[PDB]
Structure formats: C-alpha cells, structure tokens
Amino acid sequence: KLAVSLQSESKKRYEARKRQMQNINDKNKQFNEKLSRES
RNA sequence: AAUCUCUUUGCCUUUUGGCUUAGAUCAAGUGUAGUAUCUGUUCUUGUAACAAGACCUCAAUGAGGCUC
C-alpha cells in the first residue's frame, strides 16, 4: 500500500503539472512568460 | 484502483551555457603561394570402297560389371 500510494501520488503530481503545461518557439514563449512573471 | 475537477496564491517544473579589435567584414581588373595533369589520333572439293545417370561389394570410395 505504501508503494501504491507513492506511485499514485507521483502520477497525480505528474498529471497535474501536465495539465498546467497544456494551458516563436516553446522555449521562447516560456522565456517571455518568465519575463511576465518578473514584471 | 479508491474519489475527481476548477480558480487564486507558492514553487519555474524543456524557462537565454565563455572570451577579443561590437572578433572582423558587407569587399576588392584581385594579388600571392602551393598541388597536379596533359590533351588527341586510334587498334588486333566431289564420288566410291572398308572399319568402328542408376544399381551391387568393400568403407575417409574408388576400382571392377558379355550390366542398362
């Protein structure tokens, strides 16, 4: 149950971060978003 | 196999990896210095008589059969 809990929580964290990711180039827009966070 | 999803924060989670004469130039009837080879013609009599792969045994498989 400990192993299953770690696996399932890892899956949940991983998929939540994927859903956040899904909302000129990928790196260039990530840099522009970082600059918008900076301001 | 026991919950799942959205917003707002926190984390940045594929989130700019040196230097110098901003390295230099927006460009030249080029000059200069090396390393090679050539290119091309062109090719080597007739007629008659007479004569003639299968199977078996031993065994690294070849020798023998008035054999076919």
# chains A, B, ... in the order shown; residues from 1 in each chain; ligands from 1
>>> select_by_dssp(residues="chain A", states="alpha helix (DSSP H)", output="PyMOL selection string")
chain A and resi 2-21+26-38
>>> interface_residues(of="chain B", to="chain A", cutoff="9 Å", atoms="only C-alpha atoms (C1' of nucleotides)", output="list in words")
residues 12, 13, 14, 15 and 16 of chain B
>>> atom_distance(atom1="atom CA of residue 5 of chain A", atom2="atom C1' of residue 11 of chain B")
22.7 Å
>>> closest_residue(among="A:1, A:12, A:6, A:20", to="residue 4 of chain B", atoms="only C-alpha atoms (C1' of nucleotides)")
A:12
>>> atom_distance(atom1="atom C1' of residue 8 of chain B", atom2="atom CA of residue 7 of chain A")
28.3 Å
>>> closest_residue(among="A:24, A:38, A:19, A:2", to="residue 6 of chain B", atoms="only C-alpha atoms (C1' of nucleotides)")
A:19
>>> closest_residue(among="B:25, B:7, B:67, B:42", to="residue 54 of chain B", atoms="only C-alpha atoms (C1' of nucleotides)")
B:67
